[PDB]
Amino acid sequence: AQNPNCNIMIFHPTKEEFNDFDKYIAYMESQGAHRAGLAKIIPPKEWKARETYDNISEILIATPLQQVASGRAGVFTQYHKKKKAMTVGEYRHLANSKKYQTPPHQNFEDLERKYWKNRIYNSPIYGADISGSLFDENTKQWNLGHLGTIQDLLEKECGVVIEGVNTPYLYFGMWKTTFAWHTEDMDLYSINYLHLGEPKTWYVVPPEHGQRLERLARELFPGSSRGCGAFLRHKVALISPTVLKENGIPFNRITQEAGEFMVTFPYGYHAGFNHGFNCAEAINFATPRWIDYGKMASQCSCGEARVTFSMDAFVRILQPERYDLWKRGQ
Ligand SMILES: NNC(=O)[C@H](Cc1ccccc1)c1nn[nH]n1
Ligand SMILES: [Cl-]
Ligand code: NA
Ligand code: NI
Ligand SMILES: [Zn+2]
């Protein structure tokens, strides 16, 4: 078996290999990339997402989110307090202000130490889940607005036509903005391009070991676990690498820089943080190998994990026994 230790793999496709997206995902899996839960893809030197980022300041962040933490430095939850709308230009200025700017640091490891030591004592503001794309329409390779849709994948594999659409989202980050431990909706894949700005550090648990993370999370967040049998779906819980190591949880870490793609694989739990002002674009996608994961994906039915209406059809078709209860939750 390829990649038995479940290491994060890094790929350098040539321009020819960058033409057929599906084929390259399958190639990465043939090399065992999915065992880690996360892979990095460095685009060929000839490729670009768009010509410049000089004209993005008028994009609106309609509902910036202030990420307020509770708990201890290595084991905490965060809630999202809505703030007033601001443009990307205003957000960038805020990110670079003395209150929010990245501190002096020696290297990525120093900054990571500072993040886990100090994150809870600050409440950074995040632009998340903004429907849109920054790929030029003329970028033909790895354009996250032009991928095959999940609905078409389900139709091709299973023969059923379903409603729904699947479009990309933009994320504007600043120092300490945080993504909590989660898998994707219906344990889909995700792909993420860091268009501009400072890095993003990722943590990931191999899919084969996801239930180890779930068990630790139930121990560390006991009230949340009692409230919902799939509370990680709420996307609010953080556990540091130190705490994971103390509890023997298998995981890996990597830092993504501007111009790089990351793919998360079905049932690969991930979390992470932004180093400073940045902009990423992401979308969920499926392949034939996802279908078995979608059929088995846990679900939140307690009401907290509200999701797009395009998830209705996935639950309805792949998980008919669970559909009525999940629907009540929505
Ligand atoms: N599935 N979504 C996520 O992993 C995002 C983080 C994320 C956003 C862009 C590129 C890579 C990762 C998230 N989740 N909660 N806040 N942000
Ligand atoms: Cl700090
Ligand atoms: Na490892
Ligand atoms: Ni994700
Ligand atoms: Zn729930």
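Since chain A takes its numbers from Swiss-Prot, the residues it shows come out as 11-340.
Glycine residues also receive a Cβ, built from the backbone N, Cα and C atoms like all the rest.
Residues or ranges marked as 2-oxoglutarate binding site in Swiss-Prot (evidence: similarity to another entry): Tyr136, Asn202, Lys210, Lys245. Here Swiss-Prot flags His192, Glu194, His280 as Fe cation binding site, drawing on sequence analysis. Swiss-Prot lists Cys238, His244, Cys310, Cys312 with the feature Zn(2+) binding site. Residues annotated as domain 'JmjN' in Swiss-Prot: 18-60. Swiss-Prot lists 146-312 with the feature domain 'JmjC', giving sequence analysis as the kind of evidence. What Swiss-Prot records for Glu26, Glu27 is polyADP-ribosyl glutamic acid, and it gives experimental evidence as the kind of evidence.
Known features from Swiss-Prot, placed on the structure.
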residue	record	Cβ neighbours (10 Å)
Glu26	polyADP-ribosyl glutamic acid	8
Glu27	polyADP-ribosyl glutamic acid	14
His192	Fe cation binding site	18
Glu194	Fe cation binding site	21
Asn202	2-oxoglutarate binding site	22
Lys210	2-oxoglutarate binding site	25
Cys238	Zn(2+) binding site	18
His280	Fe cation binding site	22
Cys310	Zn(2+) binding site	21
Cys312	Zn(2+) binding site	16
Measuring CB to CB from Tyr136 (2-oxoglutarate binding site), give everything in the same chain under 8 Å that is also at least six residues away in sequence. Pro74, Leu75, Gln76, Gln77, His90, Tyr181, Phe182, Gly183, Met184, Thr187, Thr188
Name the residues of the same chain, 6+ apart in sequence, whose Cβ is under 8 Å from the Cβ of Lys245 (2-oxoglutarate binding site)? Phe189, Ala190, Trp191, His192, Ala315
Of all the recorded positions given, namely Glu26, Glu194, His244, which is spatially nearest to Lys210 (2-oxoglutarate binding site) at the Cα level? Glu194
Could you give the maximum C-alpha to C-alpha distance in Å for the residues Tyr136, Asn202, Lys210, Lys245 that bind 2-oxoglutarate per the record? 18
Does anything in the same chain, at least 6 positions from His244 (Zn(2+) binding site), have a Cβ under 8 Å from its Cβ, and if so what? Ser234, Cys238, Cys310, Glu314, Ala315
Using the centroid of the Cβ atoms of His192, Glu194, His280 as reference, list every other same-chain residue with Cβ within 8 Å of it (recorded Fe cation site), in sequence order. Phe189, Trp191, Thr193, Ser200, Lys245, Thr274, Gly278, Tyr279, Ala281
Looking only at C-alpha atoms, tell me how far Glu194 (Fe cation binding site) is from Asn202 (2-oxoglutarate binding site), rounded to the nearest Å. 12
Checking proximity to ligand 5 here: which recorded positions out of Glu27, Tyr136, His192, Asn202, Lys210, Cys312 have their Cβ closer than 6 Å to it? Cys312
Candidates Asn202, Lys245, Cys312 (binding-site residues) with CB under 6 Å from ligand 1, in sequence order, are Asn202, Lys245
Considering Cα atoms only, can you say which of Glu26, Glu27, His280, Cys312 is the nearest neighbour of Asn202 (2-oxoglutarate binding site) among these recorded positions? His280
